[PDB]
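*Asks:*
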Ligand SMILES: [Mg+2]
Ligand SMILES: [Mg+2]
Ligand SMILES: [Mg+2]
Ligand SMILES: [Mg+2]
Ligand SMILES: [Mn+2]
Ligand SMILES: [Mn+2]
Ligand SMILES: [Mn+2]
Ligand SMILES: [Mn+2]
Ligand SMILES: [Mn+2]
Ligand SMILES: [Mn+2]
Ligand SMILES: [Mn+2]
Ligand SMILES: [Mn+2]
Ligand code: NA
Ligand code: NA
Ligand code: NA
Ligand code: NA
Ligand code: NA
Ligand code: NA
Ligand code: NA
Ligand code: NA
């Protein structure tokens, strides 16, 4: 039961199942995986595709001949399995040169290098068929207040993204960008810390249509925010170009638990929203099998990501299709929420005594919302406990 | 020392010093204050002005004659003291009718009433000379996932703000709106939970120039965010129309401590930013003297808000003026952060071997940022411990 | 399905279903309930009993004749329904006199009064058959560092609890005390902020056997802690005298959502632990139907507390009984965790070359824990998705 | 000004200034330091001593001859500088063998090895003159609920600490143990997550007098707790055997900022408490110079730890010595908090009409606490802004 299919579009970063287990306090617990083995094992589990940072696929500093051979082997694995590459990204965080940032490093020479490293990988992403190019600016930020003038840093961040937009336009590429917010870690505070900040920033770019967000479940939860609500705002803005699925237990370091772990009810409401809205992008997992696990546990954890999505999809669909739930939604006036407040227009609203002088506030206030009954129907559906 | 002056533009809500001390677990500890007494006492402390919700100035449900008398008494107090009213707002949260929201209530009749209540108070705000009309949507949100379709709620929130913009335009008013984010409390999650989300929303309004943000120190800190960074993004966007100053100890219920309490170093960096950027708006305190205090403690707490701002202003100015700090800022390449990455343009960047093939990444990575020395100069200046 | 029974021992505070909906920003949305009506309605839902603060049952300041009549009516309702009163507590937080604390108020006269108020209610609790007397010191703490010397306050808190122990001993009462931790709210920081701090404090009382903890799900989660882990430590110490069940979404104000809401997987692991350990005390709900609800929603929310406990009980029992889970627990060495490290004794351990010189650390480190497979079996059982 | 002296007893872990800068997302930015160089550089800054994990001083897996040479070189550096070694600890977290724990690993063979590794290092610690042996169980815990039975794990943790106590007793050593709590990171939840939980656990050990706590500023703040309050409870219990000083910005990953950074006012109240209580132990820094820094920044950051302690010590002493503050403390009844509630005894309290029938609750409730004036005197003293 709960078998993944190609139409599910489940994807994984090479760095997810390939995470060797090094953490702030501990050495690697697993050997490095050849990307070819990850492609083949993920395909066997029913994944649709993989994603990569440049430096996951091509060791940093590789010669041109080494680069070609790494890509050739990877493409053979994709061809052997039918796996796709819908998204790629740049590693602008691991190498010590990026310790104060890539695009917003105080040192101008580093900012220029970061752009050149990204541009090289955009070309490769296009060659591999990627539709989306993610940017997670994990080093953009500060540990202290004097170190980073945020207005200047936003100027540099806009300059960088504008140059990348000029680049893809000039090459005729169809790829689009997706900015991934995170509030903190590894910097004390990261620039563009939430979906909202990233959405607002995009509106000030020269070609805003080329940029959206890549929100990650656990990152919004590191600020204690409601991930489904943030996804709704991204959808409302037309900017949900990609998504990273995982789990997180609240306000901690970025745990990258398998999807469904962490906040299970938020996972349910997320799946309900994505499916109801018709989100058509990859269901991408940015997760880490815990370092306690051997390779069998790596593949179990990856399989669990997909399984949990599919269980939640079934339960959310059953919730929305249940005539008792539909009745409860009407009892709670969800239908009215979807209707304009004043399609009659401002003057009619100003002239409407039913909106002011003749509005019976106490009668209105007496009406219960019936939200608890609705939420218990939702709980019963999630748990398969209807009756 | 540290005496407030009119040019400081310190303002207070009537509801701040007037908070009677009722909390989720406790009855009022102080009697209600007549707004006239608050105006006179705040003036004696050196405040510039006050602000109000409709229902702070005019008891809810007042007749027209009662409304006129309350306003007349208040205006006499303003005239007697020279106090100004730079900002007003609507109470769309206390009355039970607003239990599921004002502008985004599921019930359409409530949404219409909320608009009419706001419009009435915009007229009064203009009469009193207010330049800014704040909206804190404290009831917009949910405790459960099925209760509130966030895309529909954002449609209703946009409709409401668009109608208010149409209203002020039609009346020729110069007032502008400032949306106040908060992540949670009293709703389990509040819509537009951070500065970023509010900035992004504004960009989708029909007349975006009429709307900015009113960020509150403690509200961003309830999401664990960096308040100075968020203020920098608002300034970068041209949207810092007003600000609420207070203190908060991290991820808790909204404490509304006096300004300078809570995160003291964030208060220092905030003042540094506002002063360096030339912010010209009110320095408004949205705070609550703790319910442990009698009226002498109320006025001490209000005086402390202003005193702490003035101490921090002195220390931040001394930091920025110190030639040793200026040298440290250059050592940390803050000057380079402010210079364009690639004013030479995309093609020149692509052709520049110094940005890629000839970039010595290891030499760059060896350079220290010297951020710790800079931050200890900042600490020494804050504490008055230079030497 | 999932029908409560007397053996389930589900109990509710009068103040839970009776919460009128006043919050930091909003007036009451529901009328006050007569305790008699709450007793009868809860009995109809299948509850076992109720609990009370003194001032929930007897209005503060009541005359002796008024007190007698309130108690008489309440006892008739208990007799009419078969409901029990297993626990009572004192309100040492609502009245303004308690603004700096009860037992740890700086003012000595208030500390003495707080003790007398508690002692009066202990007598009543015993009369009504209560086995446990809870103390939640919600006003014990501070908003500022100079206001409360914590060593002195702990001396006063110990003195108070020691006097209460002397009192019950002197009267021959069998009741025991349960201290309820909370980290913050309504005070900026509350003394004894977690289960651990309360357990440690108890060990320093003169008669430690008379005192245990009353942990509340949401309170530990307000510190981001693992509630099942804290309950395990309380059980390990022999100190889980009572428990408060509810839901919470992380590090926020105390939400008091119905049990099962908030962190659903933590609710599952909690029920698993209580049932596996054979906890025999009340399953008490300290929750608040949201103020959006009318009385039908109050009773729906209360019914949901019990329903969710019963669903989770079924799923946890099925998890533990499943031979595949039992195999997975052995694969993950849970059996070995339960066996002594060195029952052979210190000298044998020191002499055992297999524990040091001949321990193959790399072979040991290669063994996977298989925790992800185990956790996905747990997820499948919770969701009723085995297969 | 603010020059460290030997009587200040400032100490640093080898792993602090020696941290190479590897984080969850980034490679090392600094070369490894020889412990000899750290000893000499710290001595030049005015430190009193250093501390070590076994594997900081002796590379893991070293032969006996290699071990002797590493220790000999280190002792020469201590002799050359006058530096002391007041504390040592075991690394039971870095090596992959410890991925599920040391003392509470599910695998019994690992638990035995962890004990043998610790015992070997206790012998070395004693040889170097250490008075305290710290244990930070960073791997004790879980990412999932089924992986770790917490009651069984506490049994194993008690067994381990009891064996270590038997060991030191049998050898006649004067060293004592200090357990370091942390709430999470690197495990999803860590056992003994706060000062309170550790204090409670100690009370159940066979020889409780041999064990205390080693609280760390940032670790308690990762649970949003008040670090000065927790230190007060440890002092009250007689269990503050050692302390780790650093800074943290709230509920995040463990930042290990230099002391004084993070929550500056909490640092002030901490120093006030340690000095007022006469804490006589090391002022030990467990911090990390940010990876942005070169070695000059490492030493600047270390110097800043000590400087900030000394500034805060001066300001707290001035606060306590100021006759205006002493008057304010009496106005706020801090003197009364320190006096017994009922030295007259239980019967006298029960018979005292002034404690109940004749207690004027409204007159008592009208008295203000004057806490805001007191706190603004504290702020003025911290900032050197008295006047
Ligand atoms: Mg619709
Ligand atoms: Mg500039
Ligand atoms: Mg057992
Ligand atoms: Mg004393
Ligand atoms: Mn992540
Ligand atoms: Mn991601
Ligand atoms: Mn606030
Ligand atoms: Mn505000
Ligand atoms: Mn609660
Ligand atoms: Mn409770
Ligand atoms: Mn730490
Ligand atoms: Mn430490
Ligand atoms: Na700039
Ligand atoms: Na979209
Ligand atoms: Na709509
Ligand atoms: Na602006
Ligand atoms: Na005392
Ligand atoms: Na127990
Ligand atoms: Na055991
Ligand atoms: Na002590």
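Chains as they are written, first to last, in the entry's author numbering: chain A, 2 to 388; chain B, 2 to 388; chain C, 2 to 388; chain D, 2 to 388.
The beta-carbon is built from N, C-alpha and C at its ideal position, and this holds for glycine as well.
1. Is residue 156/A near ligand 13 - that is, is its Cβ less than 7 Å away from at least one heavy atom of it?
2. Would you tell me roughly how many angstroms separate the C-alpha atoms of residue 350/A and residue 86/B, rounded to the nearest one?
3. Compare the C-beta of residue 183/A against all C-beta atoms of chain C and say whether one is closer than 8 Å.
4. If we ignore side chains and look at the alpha-carbon of each, how far apart do residue 65/D and residue 72/D end up?
5. Could you please tell me which residues of the segment 107-133 of chain A, in chain order, have their CB closer than 7 Å to any CB of chain D?
6. For residue 234/A, return the contacting residues in chain B, with the cut-off set at a CB-CB distance below 9 Å.
7. For my contact list, residue 125/B and residue 179/B are in at a C-beta cut-off of 8 Å; report their separation, rounded to the angstrom.
8. Between residue 12/B and residue 49/B, how many whole angstroms is the CB-CB distance? I'm expecting something under 8 Å.
9. Does DSSP classify residue 88/D as helix, strand or coil?
10. Entirely within the segment 163-232 of chain D and at least 4 residues each: give me those alpha helix (DSSP H) ranges in chain order.
11. If distances are taken between C-alpha atoms only, which option among 335/A, 29/A and 3/A comes closest to residue 367/C?
12. Under three-state DSSP, which class holds residue 134/D?
13. Cβ atoms of residue 241/D and residue 249/D: under 8 Å apart, would you say?
14. Against chain B, does residue 316/C count as a neighbour if the rule is that its beta carbon must be under 8 Å from one of theirs?
15. For the putative contact between residue 269/B and residue 286/B, defined by C-beta atoms under 8 Å, what is the C-beta separation to the nearest angstrom?
16. At least one CB of chain B closer than 8 Å to the CB of residue 59/C: is that the case?
17. May I ask you to list, following chain order, the residues of the segment 208-234 of chain C that have a beta carbon less than 7 Å from some beta carbon of chain D?
18. Since residue 13/B is in the beta strand (DSSP E), which residue starts that stretch and which ends it?
19. Give the residues whose C-beta lies closer than 7 Å to at least one heavy atom of ligand 3, in chain order.
20. Nearest by alpha-carbon distance to residue 360/B: which of 197/A, 359/A and 116/A is it?
21. Threshold first: 4 residues or longer. Then list the alpha helix (DSSP H) segments lying entirely within the segment 75-127 of chain B, N to C.
22. Does the CB of residue 342/D have a neighbour CB from chain C at under 8 Å?
23. Give a yes or no on whether the minimum CB-CB distance between residue 350/B and chain A is below 8 Å.
24. Using a Cβ-Cβ distance under 8 Å, would residue 252/B count as near chain C?
25. Going by C-alpha to C-alpha distance, which of 58/C, 27/C, 23/C and 26/C sits closest to residue 38/C?
26. May I have all residues whose beta carbon comes closer than 6 Å to any heavy atom of ligand 16, sorted in chain order?
27. Among 381/D, 346/D, 379/D and 363/D, which has the Cα closest to the Cα of residue 171/C?
28. Rounded to whole angstroms, what is the Cα-Cα separation between residue 122/D and residue 301/B?
29. Does DSSP put residue 47/B in a helix, in a strand, or in coil?
30. For residue 245/B, list the residues DSSP reports as bridge partners.
31. Along the segment 9-26 of chain A, what residues have a CB closer than 7 Å to any CB found in chain D?
32. From residue 79/A to residue 138/A, what does the alpha carbon distance come to, in whole angstroms?
33. Count Cβ pairs between the segment 182-201 of chain C and the segment 219-235 of chain C that sit closer than 8 Å; are there 3 or more?
34. Would you please state the rounded distance, in angstroms, between the beta carbons of residue 220/A and residue 320/A? I believe it to be under 8 Å.
35. Can a CB atom of chain C be found closer than 8 Å to the CB of residue 360/D?
36. Whose C-beta lies closer than 6 Å to the C-beta of residue 292/D among residues of the same chain, with five residues either side of it excluded?
*Replies:* Quick answer:
1. Here residue 156/A refers to the residue found at position 155 when the first chain is read from its first residue. The answer is yes for residue 156/A.
2. Locating residue 350/A in the first chain gives position 349, where the first residue counts as 1. Locating residue 86/B in the second chain gives position 85, where the first residue counts as 1. Rounded to whole angstroms, residue 350/A to residue 86/B spans 28 Å at the Cα level.
3. Numbered from its first residue, the first chain carries residue 183/A at position 182. False, the Cβ-Cβ gap to chain C never drops below 8 Å.
4. Position 64 of the fourth chain holds residue 65/D. Position 71 of the fourth chain holds residue 72/D. Rounded to whole angstroms, residue 65/D to residue 72/D spans 11 Å at the Cα level.
5. Contacts with chain D (Cβ-Cβ distance below 7 Å) from the segment 107-133 of chain A involve no residue at all.
6. On the first chain, position 233 is the one that residue 234/A refers to. Here the neighbours are 151, 152, 155, 192, 193, 198, 201 and 202.
7. Reading the second chain from its first residue, position 124 is the one you call residue 125/B. Reading the second chain from its first residue, position 178 is the one you call residue 179/B. 17 Å between Cβ atoms; not a contact.
8. Translated into the one-based positions of the second chain, residue 12/B becomes position 11. Translated into the one-based positions of the second chain, residue 49/B becomes position 48. Contact flag correct, Cβ pair sits at about 6 Å.
9. Residue 88/D sits at position 87 when you count from the first residue of the fourth chain. Residue 88/D falls in the strand class under three-state DSSP.
10. 196-203 and 218-222, all fully within the segment 163-232 of chain D.
11. The residue labelled residue 367/C in the question sits at position 366 within the third chain. For the residues 335/A, 29/A and 3/A, the minimum Cα distance to residue 367/C belongs to 29/A.
12. Residue 134/D sits at position 133 when you count from the first residue of the fourth chain. Strand, per DSSP.
13. Numbered from 1 along the fourth chain, position 248 holds the residue referred to as residue 249/D. Numbered from 1 along the fourth chain, position 240 holds the residue referred to as residue 241/D. In this structure, residue 241/D does not lie closer than 8 Å to residue 249/D by Cβ.
14. Position 315 of the third chain, counting from 1, holds the residue named residue 316/C. No, residue 316/C does not count as interfacial toward chain B.
15. In the second chain, residue 269/B corresponds to position 268, counting from 1. In the second chain, residue 286/B corresponds to position 285, counting from 1. Separation of the CB atoms of residue 269/B and residue 286/B is rounded to 17 Å, and the pair is thereby denied contact status at 8 Å.
16. Residue numbering aside, residue 59/C sits at position 58 when the third chain is read from its first letter. No, residue 59/C lies away from the interface with chain B (no Cβ there is under 8 Å from its Cβ).
17. So the close ones are 224, 225, 226, 227, 229, 230, 233 and 234.
18. In the second chain, the residue the question calls residue 13/B occupies position 12. 11-14 is the extent of the beta strand (DSSP E) around residue 13/B.
19. 339/C, 150/D and 153/D
20. Walking along the second chain from the start, residue 360/B turns up at place 359. For residue 360/B, the nearest C-alpha among the options comes from 116/A.
21. none
22. Translated into positions along the fourth chain, residue 342/D becomes position 341. It does; some Cβ of chain C falls within 8 Å.
23. Position 349 of the second chain holds residue 350/B. Yes - at least one Cβ of chain A is within 8 Å of the one on residue 350/B.
24. Counting from one through the second chain, the residue named residue 252/B turns up at place 251. For residue 252/B, the answer is yes, since a Cβ of chain C falls inside 8 Å of its Cβ.
25. Residue mapping note: residue 38/C aligns to position 37 of the third chain, counting from 1. Of the listed residues, the one whose Cα sits closest to residue 38/C is 58/C.
26. 236/B, 239/B, 240/B and 241/B
27. The count along the third chain starts at 1 and reaches residue 171/C at position 170. Of the listed residues, the one whose Cα sits closest to residue 171/C is 346/D.
28. In the fourth chain, counting from the first residue as 1, residue 122/D sits at position 121. In the second chain, counting from the first residue as 1, residue 301/B sits at position 300. Here the C-alpha atom of residue 122/D lies approximately 56 Å from the C-alpha atom of residue 301/B.
29. Numbered from its first residue, the second chain carries residue 47/B at position 46. In this structure, residue 47/B counts as coil in the three-state DSSP scheme.
30. For this step, residue 245/B is matched to residue 244 along the second chain. The partner list for residue 245/B (beta bridge, DSSP) reads 217/B and 285/B.
31. 24, 25 and 26
32. By one-based count along the first chain, residue 79/A stands at place 78. By one-based count along the first chain, residue 138/A stands at place 137. Their Cα atoms are separated by approximately 28 Å.
33. yes
34. Position 219 of the first chain holds residue 220/A. Position 319 of the first chain holds residue 320/A. The pair is not a contact, with the Cβ atoms about 27 Å apart (cut-off 8 Å).
35. The residue given as residue 360/D occupies position 359 in the fourth chain. It does; some Cβ of chain C falls within 8 Å.
36. Here residue 292/D corresponds to residue number 291 of the fourth chain, with the count starting at 1. Hits under 6 Å: 22 and 30.
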